[PDB]
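Enquirer: Input structure: query-v3.txt, which contains compact mmCIF, C-alpha atoms and all ligand atoms.
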```
# COMPACT_ATOMS: atom_id res chain seq x y z
CA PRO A 23 87.86 94.79 101.28
CA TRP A 24 89.30 94.06 104.77
CA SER A 25 89.58 90.86 106.79
CA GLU A 26 87.33 90.69 109.88
CA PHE A 27 87.36 88.69 113.12
CA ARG A 28 84.84 88.90 115.98
CA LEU A 29 85.94 87.87 119.44
CA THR A 30 83.51 85.70 121.39
CA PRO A 31 82.76 87.16 124.83
CA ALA A 32 85.04 84.56 126.48
CA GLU A 33 87.93 85.33 124.05
CA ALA A 34 87.48 89.07 124.60
CA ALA A 35 87.51 88.61 128.39
CA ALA A 36 90.69 86.49 128.28
CA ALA A 37 92.51 89.05 126.10
CA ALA A 38 91.36 91.82 128.46
CA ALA A 39 92.57 89.83 131.50
CA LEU A 40 95.99 89.32 129.85
CA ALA A 41 96.30 93.06 129.14
CA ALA A 42 95.28 93.91 132.72
CA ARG A 43 97.94 91.51 134.05
CA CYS A 44 100.55 93.28 131.87
CA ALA A 45 99.39 96.66 133.16
CA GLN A 46 99.85 95.30 136.71
CA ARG A 47 103.41 93.99 136.08
CA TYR A 48 105.00 96.66 133.83
CA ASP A 49 105.43 100.41 134.49
CA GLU A 50 104.50 101.47 130.93
CA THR A 51 103.92 100.18 127.40
CA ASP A 52 106.83 102.12 125.87
CA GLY A 53 109.45 101.00 128.38
CA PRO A 54 112.23 98.75 127.10
CA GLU A 55 110.93 95.83 129.20
CA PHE A 56 107.40 95.61 127.79
CA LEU A 57 108.63 96.49 124.28
CA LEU A 58 110.81 93.34 124.37
CA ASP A 59 108.34 91.07 126.24
CA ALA A 60 105.02 91.91 124.57
CA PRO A 61 105.54 89.74 121.43
CA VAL A 62 106.10 86.65 123.60
CA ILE A 63 103.32 87.51 126.07
CA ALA A 64 101.02 87.80 123.03
CA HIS A 65 101.50 84.06 122.49
CA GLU A 66 99.09 83.68 125.46
CA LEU A 67 96.21 85.38 123.59
CA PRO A 68 93.23 83.25 122.50
CA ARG A 69 94.31 80.73 119.91
CA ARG A 70 91.60 81.44 117.37
CA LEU A 71 92.70 85.10 117.37
CA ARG A 72 96.38 84.13 116.90
CA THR A 73 95.41 81.90 113.97
CA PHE A 74 93.42 84.73 112.35
CA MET A 75 96.30 87.19 112.76
CA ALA A 76 98.92 84.80 111.35
CA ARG A 77 96.83 83.86 108.33
CA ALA A 78 95.18 87.18 107.51
CA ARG A 79 98.65 88.81 107.50
CA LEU A 80 99.62 86.36 104.72
CA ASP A 81 96.54 86.88 102.52
CA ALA A 82 97.24 88.86 99.36
CA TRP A 83 94.07 91.04 99.20
CA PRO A 84 92.99 92.75 102.47
CA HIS A 85 93.48 96.49 103.07
CA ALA A 86 93.24 95.89 106.82
CA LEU A 87 92.75 93.33 109.58
CA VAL A 88 89.81 94.20 111.84
CA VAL A 89 89.12 92.68 115.28
CA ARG A 90 85.69 93.44 116.78
CA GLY A 91 84.35 93.01 120.29
CA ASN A 92 86.82 94.20 122.92
CA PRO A 93 84.75 95.46 125.90
CA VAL A 94 85.33 99.09 126.98
CA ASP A 95 83.53 100.47 130.07
CA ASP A 96 83.03 104.26 129.58
CA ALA A 97 82.75 104.82 133.35
CA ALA A 98 86.06 103.03 133.99
CA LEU A 99 87.68 104.70 130.96
CA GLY A 100 86.85 108.20 132.16
CA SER A 101 86.65 111.36 130.07
CA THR A 102 88.37 111.79 126.73
CA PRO A 103 91.54 113.89 127.29
CA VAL A 104 91.84 117.49 126.05
CA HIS A 105 95.24 116.81 124.42
CA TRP A 106 97.40 113.75 123.61
CA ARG A 107 99.95 115.02 126.17
CA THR A 108 97.60 114.18 129.05
CA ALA A 109 96.03 111.10 127.43
CA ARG A 110 97.84 108.35 129.33
CA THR A 111 94.96 108.05 131.78
CA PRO A 112 94.51 105.13 134.20
CA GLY A 113 91.22 104.19 132.53
CA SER A 114 92.88 103.89 129.08
CA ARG A 115 96.00 102.11 130.41
CA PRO A 116 94.91 98.46 130.02
CA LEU A 117 93.64 99.12 126.48
CA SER A 118 97.03 100.58 125.53
CA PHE A 119 98.61 97.33 126.72
CA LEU A 120 95.97 95.36 124.79
CA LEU A 121 96.75 97.22 121.55
CA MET A 122 100.48 96.55 121.94
CA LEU A 123 99.84 92.83 122.57
CA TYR A 124 97.77 92.56 119.38
CA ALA A 125 100.47 94.56 117.50
CA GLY A 126 103.17 92.13 118.69
CA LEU A 127 101.52 89.39 116.64
CA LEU A 128 102.11 91.39 113.44
CA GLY A 129 105.58 92.92 113.89
CA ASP A 130 107.93 95.31 115.71
CA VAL A 131 106.39 98.47 117.19
CA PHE A 132 108.10 101.87 116.98
CA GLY A 133 107.60 105.64 117.19
CA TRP A 134 109.10 108.86 115.85
CA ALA A 135 111.38 111.27 117.72
CA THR A 136 109.43 114.08 116.04
CA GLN A 137 105.79 112.97 116.62
CA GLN A 138 103.89 113.05 119.93
CA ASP A 139 107.15 113.38 121.89
CA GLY A 140 108.56 110.03 120.68
CA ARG A 141 105.75 107.90 122.13
CA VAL A 142 105.14 104.42 120.73
CA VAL A 143 101.47 104.21 121.75
CA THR A 144 100.01 107.48 120.44
CA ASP A 145 96.56 109.12 120.64
CA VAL A 146 93.99 110.28 118.12
CA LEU A 147 91.47 112.73 119.60
CA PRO A 148 90.07 116.15 118.64
CA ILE A 149 91.98 119.14 120.04
CA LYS A 150 90.10 122.40 120.58
CA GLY A 151 91.40 125.07 118.21
CA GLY A 152 92.88 122.46 115.84
CA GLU A 153 89.68 121.52 114.00
CA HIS A 154 90.93 122.59 110.56
CA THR A 155 94.52 121.33 110.71
CA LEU A 156 96.18 118.57 108.66
CA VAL A 157 96.92 116.37 111.71
CA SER A 158 94.84 113.57 113.27
CA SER A 159 93.56 115.84 116.08
CA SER A 160 91.48 117.64 113.44
CA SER A 161 87.71 117.19 113.27
CA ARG A 162 85.62 119.68 111.28
CA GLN A 163 88.05 119.31 108.39
CA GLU A 164 88.24 115.79 106.93
CA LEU A 165 91.61 114.09 107.42
CA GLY A 166 92.68 113.55 103.80
CA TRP A 167 93.81 110.13 102.64
CA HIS A 168 97.45 109.22 103.18
CA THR A 169 100.11 106.61 103.53
CA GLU A 170 101.24 106.97 107.14
CA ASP A 171 104.59 108.82 107.25
CA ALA A 172 104.69 108.70 103.46
CA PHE A 173 107.87 110.84 103.33
CA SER A 174 109.97 108.22 105.14
CA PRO A 175 111.46 104.97 103.79
CA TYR A 176 111.06 103.65 107.37
CA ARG A 177 107.30 104.22 107.53
CA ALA A 178 105.12 101.50 109.07
CA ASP A 179 104.00 98.34 107.35
CA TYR A 180 100.89 98.38 109.58
CA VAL A 181 99.08 101.11 111.49
CA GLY A 182 97.12 99.82 114.50
CA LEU A 183 94.05 101.71 115.73
CA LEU A 184 92.01 100.85 118.81
CA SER A 185 88.73 102.69 119.29
CA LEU A 186 88.35 103.69 122.96
CA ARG A 187 85.13 105.52 122.11
CA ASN A 188 83.36 106.70 118.97
CA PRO A 189 79.79 107.44 120.12
CA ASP A 190 78.69 109.10 116.85
CA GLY A 191 80.18 106.41 114.54
CA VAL A 192 82.69 108.62 112.72
CA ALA A 193 84.26 106.68 109.80
CA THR A 194 87.90 106.00 109.06
CA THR A 195 88.40 106.15 105.31
CA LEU A 196 90.38 103.71 103.15
CA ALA A 197 91.36 103.14 99.51
CA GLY A 198 93.56 100.70 97.64
CA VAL A 199 95.44 101.16 94.38
CA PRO A 200 92.77 101.89 91.73
CA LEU A 201 94.15 99.17 89.49
CA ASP A 202 90.84 98.73 87.60
CA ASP A 203 91.12 102.31 86.25
CA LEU A 204 94.83 103.15 85.85
CA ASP A 205 95.95 102.90 82.22
CA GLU A 206 99.40 101.39 81.57
CA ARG A 207 101.11 104.66 80.64
CA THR A 208 99.90 106.32 83.85
CA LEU A 209 100.85 103.22 85.82
CA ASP A 210 104.36 103.25 84.23
CA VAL A 211 104.85 106.87 85.27
CA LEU A 212 103.66 106.21 88.87
CA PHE A 213 106.32 103.43 89.10
CA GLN A 214 109.08 105.97 88.25
CA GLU A 215 111.01 108.19 90.68
CA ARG A 216 109.26 111.38 89.65
CA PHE A 217 107.38 112.51 92.79
CA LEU A 218 108.06 114.56 95.92
CA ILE A 219 106.62 113.61 99.31
CA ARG A 220 107.23 115.97 102.22
CA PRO A 221 106.77 115.16 105.91
CA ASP A 222 103.31 115.97 107.27
CA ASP A 223 102.61 118.57 109.98
CA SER A 224 102.67 116.04 112.86
CA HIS A 225 106.48 116.15 112.60
CA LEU A 226 106.69 119.92 113.15
CA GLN A 227 108.15 121.38 116.32
CA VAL A 228 104.89 123.29 116.98
CA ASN A 229 103.03 119.94 117.28
CA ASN A 230 105.34 118.53 119.92
CA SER A 231 105.89 119.65 123.51
CA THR A 232 108.00 122.81 123.91
CA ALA A 233 110.61 120.81 125.85
CA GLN A 234 111.24 118.61 122.78
CA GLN A 235 111.57 121.33 120.14
CA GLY A 236 115.39 121.47 120.35
CA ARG A 237 115.77 117.75 119.48
CA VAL A 238 118.22 117.17 116.64
CA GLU A 239 115.75 114.91 114.77
CA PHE A 240 113.70 117.96 113.70
CA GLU A 241 116.67 118.87 111.47
CA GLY A 242 116.06 115.75 109.36
CA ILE A 243 112.38 116.69 109.02
CA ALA A 244 113.37 120.19 107.86
CA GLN A 245 115.76 118.66 105.28
CA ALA A 246 113.00 116.35 103.98
CA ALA A 247 110.54 119.27 103.68
CA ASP A 248 113.05 121.67 102.09
CA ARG A 249 114.80 119.23 99.74
CA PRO A 250 112.63 116.17 99.12
CA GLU A 251 114.19 113.52 96.83
CA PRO A 252 112.17 112.26 93.87
CA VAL A 253 110.61 108.85 94.61
CA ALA A 254 108.03 106.52 93.06
CA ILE A 255 104.41 106.33 94.20
CA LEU A 256 104.01 102.68 93.15
CA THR A 257 106.48 99.84 93.78
CA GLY A 258 106.73 96.07 93.45
CA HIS A 259 104.37 93.96 91.35
CA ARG A 260 102.50 95.76 88.58
CA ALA A 261 99.41 93.57 89.20
CA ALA A 262 99.42 94.27 92.97
CA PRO A 263 101.51 97.40 93.64
CA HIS A 264 102.48 98.93 96.94
CA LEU A 265 101.47 102.54 97.41
CA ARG A 266 103.25 105.63 98.82
CA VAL A 267 101.31 108.87 98.61
CA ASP A 268 99.74 111.62 100.69
CA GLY A 269 96.97 113.73 99.18
CA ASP A 270 98.03 116.91 101.04
CA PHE A 271 101.84 116.45 101.02
CA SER A 272 102.67 114.91 97.61
CA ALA A 273 103.73 116.81 94.49
CA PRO A 274 105.27 116.03 91.12
CA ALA A 275 109.00 116.48 90.55
CA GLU A 276 109.94 120.03 89.49
CA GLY A 277 108.57 120.81 85.99
CA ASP A 278 107.62 117.17 85.35
CA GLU A 279 104.29 117.52 83.59
CA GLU A 280 103.73 113.84 82.82
CA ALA A 281 104.30 113.02 86.51
CA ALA A 282 101.84 115.77 87.45
CA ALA A 283 99.20 114.29 85.12
CA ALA A 284 99.74 110.84 86.62
CA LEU A 285 99.37 112.14 90.21
CA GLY A 286 96.33 114.22 89.18
CA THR A 287 94.70 111.10 87.75
CA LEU A 288 95.59 109.03 90.83
CA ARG A 289 93.97 111.67 93.12
CA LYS A 290 90.71 111.49 91.21
CA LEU A 291 90.67 107.69 91.19
CA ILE A 292 91.46 107.44 94.91
CA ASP A 293 88.81 110.09 95.74
CA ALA A 294 86.32 108.04 93.70
CA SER A 295 87.06 104.69 95.35
CA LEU A 296 87.48 105.89 98.96
CA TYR A 297 85.27 103.87 101.35
CA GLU A 298 84.33 103.87 105.04
CA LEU A 299 85.27 101.68 108.00
CA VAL A 300 83.58 102.65 111.29
CA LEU A 301 85.60 101.58 114.32
CA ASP A 302 83.02 101.26 117.11
CA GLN A 303 84.05 101.23 120.75
CA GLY A 304 86.41 98.30 121.31
CA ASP A 305 87.15 97.69 117.61
CA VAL A 306 90.78 97.36 116.54
CA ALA A 307 92.12 97.77 113.00
CA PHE A 308 95.52 97.08 111.55
CA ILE A 309 95.70 99.00 108.29
CA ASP A 310 98.07 97.72 105.60
CA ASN A 311 100.14 100.83 105.02
CA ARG A 312 101.62 99.35 101.79
CA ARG A 313 98.31 98.36 100.13
CA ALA A 314 96.07 101.20 101.27
CA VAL A 315 95.84 104.88 102.11
CA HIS A 316 93.60 105.94 104.98
CA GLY A 317 91.98 109.02 106.51
CA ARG A 318 89.04 110.13 108.62
CA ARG A 319 85.74 111.78 107.81
CA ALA A 320 84.88 115.29 108.86
CA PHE A 321 82.98 115.46 112.16
CA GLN A 322 81.72 118.04 114.62
CA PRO A 323 83.70 117.71 117.85
CA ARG A 324 81.80 117.59 121.16
CA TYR A 325 84.45 118.80 123.65
CA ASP A 326 82.18 117.58 126.48
CA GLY A 327 84.31 114.67 127.74
CA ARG A 328 83.00 112.03 125.33
CA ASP A 329 84.86 112.79 122.10
CA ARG A 330 85.98 110.05 119.76
CA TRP A 331 89.32 108.68 120.97
CA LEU A 332 91.72 106.10 119.48
CA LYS A 333 95.01 104.64 120.61
CA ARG A 334 97.44 104.14 117.74
CA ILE A 335 100.68 102.33 117.04
CA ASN A 336 103.14 102.06 114.13
CA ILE A 337 104.36 98.55 113.25
CA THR A 338 107.23 97.39 111.02
CA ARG A 339 107.95 93.87 109.82
CA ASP A 340 111.65 94.56 110.44
CA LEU A 341 113.08 97.14 112.84
CA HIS A 342 116.60 96.60 111.42
CA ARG A 343 115.45 98.15 108.13
CA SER A 344 115.50 101.54 109.95
CA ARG A 345 118.89 101.35 111.70
CA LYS A 346 120.13 104.53 109.94
CA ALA A 347 117.27 106.37 111.72
CA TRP A 348 117.53 104.71 115.17
CA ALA A 349 117.37 107.68 117.58
CA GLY A 350 115.77 106.73 120.99
CA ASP A 351 117.15 104.40 120.01
CA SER A 352 115.86 101.47 117.97
CA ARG A 353 112.22 102.24 118.84
CA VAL A 354 112.17 106.01 118.24
CA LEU A 355 113.12 106.99 114.69
CA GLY A 356 114.73 110.18 113.42
CA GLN A 357 117.81 111.74 111.85
CA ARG A 358 119.95 114.83 111.72
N1 LIG B 1 96.83 114.40 104.27
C1 LIG B 1 97.24 114.54 105.62
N2 LIG B 1 96.50 115.19 106.43
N3 LIG B 1 98.36 113.94 106.00
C2 LIG B 1 98.79 113.84 107.39
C3 LIG B 1 97.92 112.85 108.16
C4 LIG B 1 98.18 112.90 109.66
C5 LIG B 1 99.41 112.09 109.98
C6 LIG B 1 99.95 112.16 111.41
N4 LIG B 1 100.48 110.82 111.72
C7 LIG B 1 98.98 112.58 112.48
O1 LIG B 1 98.59 111.72 113.30
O2 LIG B 1 98.62 113.78 112.54
```
Produce C-alpha cells that represent the structure in this file.
Ligand SMILES: N=C(N)NCCCC[C@H](N)C(=O)O

Expert:
Amino acid sequence: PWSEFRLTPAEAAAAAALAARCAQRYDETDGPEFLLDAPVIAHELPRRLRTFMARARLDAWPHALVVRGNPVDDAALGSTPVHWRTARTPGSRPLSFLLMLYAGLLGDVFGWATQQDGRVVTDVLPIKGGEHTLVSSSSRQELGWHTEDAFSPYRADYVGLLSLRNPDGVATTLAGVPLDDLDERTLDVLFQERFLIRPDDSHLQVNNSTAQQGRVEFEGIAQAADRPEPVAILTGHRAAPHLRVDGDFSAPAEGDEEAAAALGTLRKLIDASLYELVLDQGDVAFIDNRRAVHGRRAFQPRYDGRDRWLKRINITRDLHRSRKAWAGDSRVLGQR
C-alpha cells in the first residue's frame, strides 16, 4: 500500500556525498540559507531517485513513499541521545541534511513554534520516564494512529521520517480510509463539520524547553484545546477522501450522537485495517498525511545508547497556505 524505491549502492553514496557537502557548507539545516537552497541543491540528487519522487507523488493510491538503502555507520553516528534537546549530534548531522534534501523534492519544510522548540528537523526517540505518554518519545505504550497535527488547518501534507537506527525492527503503523467498509450514511456524516480535534500533547508547554514556555504561540494551542471548532473528518472526493483524525484527541461535537456513532465506527475500522511498515536503519519514508493516519507499535526501550532513533520533518505543498500562522516566521507556525 506504499510506493517503494531502493537506492543502488552508487546512488546511495552520491546522495550521502551531497548531504555531507551541504553539512560542510551550511551552519545548520534550519537556518534561512539552507531552508531556501535545499530544494535547488536537491536537483543534484541521483536522477532515478528524482524521477521516482516526482512520479510517486502524483500517483493516486500510495499511503507513503519509501526510499531504502541509505548507509548509516553506527560508530560514526554515536549513541542515541537521551532527549531531543541534545539530539543534534555531529554523527547525525549529515543525515539531517540528507532528509531535508529528500524533503525538498516533495515540498516546503516547516516546524511549529510550540513543538520541539520550533525546530524544522525534529527527533523521535524514547525518553526515560515518558514511556506511557501520548507523544512520539513514548515506547512501552503504543503511539496511537493519527493525522499529524490533526487540530491544525496548516498541518503537513507529508511527514518525512529517516531511521538513524532501529535495531529491534519496531514498526511504524499506517492505515488509509476504510472505504471498503464505510456505509454511505456513516460516510456522509464523516464529511460533515461535526467533530472536535484538539491539539496533541507535543504542543504543551511542559514538552518544550523551559525557556520557550512564555512564547505567545502557546496561547493559540490553549484556545484550540479549550474551544475547538467543529470540523469534518473526511474531505474532497467521496471515492478517495482525505482524512483528518487522531484516535486519542478526536471527539464528536457536543451532544451529537450520530457523529459519535460515525467516529466510533471509524475507530473500529481503522483499528482493523492498521498495518506495519518497519523502517530499518537508513530507510526514509514520506507519509501522505492526507491519505493515511500513522503511529508506532509498543516497544521496550533499551536506554543503553542504541535506542531506535528517527529524524523527522513536516512538509507542505504550499507554505503560503499558512500565512495567518507564520510566527518564526514563515517556517515556524503558531498563533496567539
Ligand atoms: N494519538 C496520539 N498519540 N497523538 C499524538 C501523536 C504524537 C504527535 C507529535 N507530533 C509527537 O511527535 O509527539

Enquirer: Taking only C-alpha atoms and all ligand atoms into account, list the residues no farther than 7 Å from ligand LIG 1 (chain B), as a list in words.

Expert: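 The residues within 7 Å of ligand LIG 1 (chain B), counting only C-alpha atoms and all ligand atoms, are residues 146, 156, 157, 158, 159, 165, 166, 167, 168, 170, 171, 222, 223, 224, 268, 269, 270 and 271 of chain A.
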
Enquirer: For the selection you just gave me, I'd like the residues written to a file as a tab-separated table (two decimals), in the coordinates of the input, keeping C-alpha atoms.

Expert:
```tsv
chain	number	residue	atom	x	y	z
A	146	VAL	CA	93.99	110.28	118.12
A	156	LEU	CA	96.18	118.57	108.66
A	157	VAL	CA	96.92	116.37	111.71
A	158	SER	CA	94.84	113.57	113.27
A	159	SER	CA	93.56	115.84	116.08
A	165	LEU	CA	91.61	114.09	107.42
A	166	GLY	CA	92.68	113.55	103.80
A	167	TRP	CA	93.81	110.13	102.64
A	168	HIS	CA	97.45	109.22	103.18
A	170	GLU	CA	101.24	106.97	107.14
A	171	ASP	CA	104.59	108.82	107.25
A	222	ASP	CA	103.31	115.97	107.27
A	223	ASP	CA	102.61	118.57	109.98
A	224	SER	CA	102.67	116.04	112.86
A	268	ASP	CA	99.74	111.62	100.69
A	269	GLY	CA	96.97	113.73	99.18
A	270	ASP	CA	98.03	116.91	101.04
A	271	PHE	CA	101.84	116.45	101.02
```

Enquirer: Grab the CA of residue 335 (chain A) to CA of residue 151 (chain A) distance for me, in Å with one decimal place.

Expert: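 Computing the Euclidean distance for CA of residue 335 (chain A) and CA of residue 151 (chain A) yields 24.6 Å.
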
Enquirer: What's the 10 Å shell around region 52-60 of chain A, counting all atoms listed in the file, without same-chain residues fewer than 3 positions away, as a tab-separated table (two decimals) with C-alpha atoms, keeping the file's coordinate frame?

Expert:
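File written: result.tsv
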```tsv
chain	number	residue	atom	x	y	z
A	41	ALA	CA	96.30	93.06	129.14
A	44	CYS	CA	100.55	93.28	131.87
A	45	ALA	CA	99.39	96.66	133.16
A	47	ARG	CA	103.41	93.99	136.08
A	48	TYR	CA	105.00	96.66	133.83
A	49	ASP	CA	105.43	100.41	134.49
A	63	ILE	CA	103.32	87.51	126.07
A	64	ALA	CA	101.02	87.80	123.03
A	65	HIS	CA	101.50	84.06	122.49
A	118	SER	CA	97.03	100.58	125.53
A	119	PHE	CA	98.61	97.33	126.72
A	120	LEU	CA	95.97	95.36	124.79
A	122	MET	CA	100.48	96.55	121.94
A	123	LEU	CA	99.84	92.83	122.57
A	124	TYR	CA	97.77	92.56	119.38
A	125	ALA	CA	100.47	94.56	117.50
A	126	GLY	CA	103.17	92.13	118.69
A	127	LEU	CA	101.52	89.39	116.64
A	130	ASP	CA	107.93	95.31	115.71
A	131	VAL	CA	106.39	98.47	117.19
A	132	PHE	CA	108.10	101.87	116.98
A	133	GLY	CA	107.60	105.64	117.19
A	140	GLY	CA	108.56	110.03	120.68
A	141	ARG	CA	105.75	107.90	122.13
A	142	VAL	CA	105.14	104.42	120.73
A	143	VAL	CA	101.47	104.21	121.75
A	353	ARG	CA	112.22	102.24	118.84
```

Enquirer: Expressed in Å to a single decimal, how great is the separation between CA of residue 274 (chain A) and CA of residue 247 (chain A)?

Expert: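 Here the two named atoms are 14.0 Å from each other.
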
Enquirer: Can you work out the spacing between CA of residue 210 (chain A) and CA of residue 317 (chain A) in Å, to one decimal?

Expert: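 Separating CA of residue 210 (chain A) from CA of residue 317 (chain A) is a distance of 26.1 Å.
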
Enquirer: Which of these residues is nearest to residue 322 (chain A), using only C-alpha atoms: A:260, A:237, A:154, A:290?

Expert: A:154
